[PDB]
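Asker: Contents of work-v6.csv (CSV, C-alpha atoms) are given next:
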chain,number,residue,atom,x,y,z
S,1,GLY,CA,-1.6,-18.1,2.3
S,2,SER,CA,-0.9,-21.6,1.1
S,3,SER,CA,-0.4,-23.5,-2.1
S,4,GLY,CA,1.2,-20.4,-3.7
S,5,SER,CA,0.3,-17.1,-2.0
S,6,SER,CA,-0.8,-14.8,-4.8
S,7,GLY,CA,-1.7,-11.4,-3.4
S,8,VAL,CA,-0.5,-8.5,-1.2
S,9,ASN,CA,-0.5,-8.8,2.6
S,10,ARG,CA,-4.0,-8.2,3.8
S,11,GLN,CA,-2.3,-7.5,7.1
S,12,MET,CA,0.1,-4.8,6.0
S,13,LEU,CA,-2.9,-2.9,4.6
S,14,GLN,CA,-4.8,-2.5,7.9
S,15,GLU,CA,-1.5,-1.0,9.0
S,16,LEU,CA,-0.9,1.5,6.1
S,17,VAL,CA,-4.5,2.4,6.1
S,18,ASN,CA,-4.5,3.1,9.9
S,19,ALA,CA,-2.5,6.2,9.1
S,20,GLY,CA,-5.1,7.5,6.8
S,21,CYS,CA,-4.9,6.0,3.3
S,22,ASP,CA,-7.8,4.9,1.1
S,23,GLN,CA,-8.8,1.2,1.2
S,24,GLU,CA,-9.4,0.9,-2.5
S,25,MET,CA,-6.2,2.8,-3.2
S,26,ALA,CA,-3.8,1.4,-0.6
S,27,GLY,CA,-4.3,-2.0,-2.2
S,28,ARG,CA,-3.3,-1.0,-5.7
S,29,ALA,CA,0.0,0.4,-4.6
S,30,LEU,CA,0.6,-2.4,-2.2
S,31,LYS,CA,0.4,-4.8,-5.1
S,32,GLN,CA,2.3,-2.6,-7.6
S,33,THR,CA,5.3,-2.4,-5.2
S,34,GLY,CA,4.9,-5.9,-3.9
S,35,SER,CA,4.1,-5.7,-0.2
S,36,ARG,CA,7.5,-4.1,0.3
S,37,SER,CA,6.7,-1.8,3.1
S,38,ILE,CA,4.0,0.5,4.5
S,39,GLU,CA,6.1,3.5,3.4
S,40,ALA,CA,6.7,2.1,0.0
S,41,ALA,CA,3.0,2.3,-0.9
S,42,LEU,CA,2.4,5.8,0.6
S,43,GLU,CA,5.5,6.9,-1.4
S,44,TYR,CA,4.4,5.2,-4.6
S,45,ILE,CA,1.1,7.1,-4.5
S,46,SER,CA,2.8,10.4,-3.9
S,47,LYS,CA,5.4,9.7,-6.6
S,48,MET,CA,2.7,10.5,-9.2
S,49,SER,CA,1.5,13.7,-7.6
S,50,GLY,CA,1.1,15.4,-4.2
S,51,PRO,CA,2.6,18.9,-3.4
S,52,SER,CA,1.8,18.1,0.2
S,53,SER,CA,3.5,15.3,2.2
S,54,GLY,CA,4.7,14.9,5.7
Please render this file's structure as structure tokens.
Answerer:
Amino acid sequence: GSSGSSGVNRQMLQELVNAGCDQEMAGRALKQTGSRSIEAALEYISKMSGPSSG
């Protein structure tokens, strides 16, 4: 945004979500990581738990 953009990239979300990620979840990670990359988020969520990935 302008005057100091404080918040993830609402755009990147629609992207990561497209794959099949929760809307309420995707955000959390996106912020935690810092709108680094679509993969970053998906990876962060798995980091915690998830014996199934790929």
Asker: Give as an MDAnalysis selection string the set of residues within 12 Å of the point (-3.5, -11.8, -2.0), where distances use the file's coordinates and all atoms listed in the file.
Answerer: chainID S and resid 1:2 4:13 27:28 30:31 34:35
Asker: Atom CA of residue S:25 and atom CA of residue S:54 are how many Å apart?
Answerer: 18.6 Å
Asker: Smallest atom-to-atom distance to residue S:29: which of S:41, S:3, S:15, S:51, using only C-alpha atoms?
Answerer: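 Checking each of S:41, S:3, S:15, S:51 against residue S:29, counting only C-alpha atoms, the winner is S:41.
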Asker: Take atom CA of residue S:16 and atom CA of residue S:49 and report the distance between them in Å, one decimal.
Answerer: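 Atom CA of residue S:16 sits 18.5 Å away from atom CA of residue S:49.
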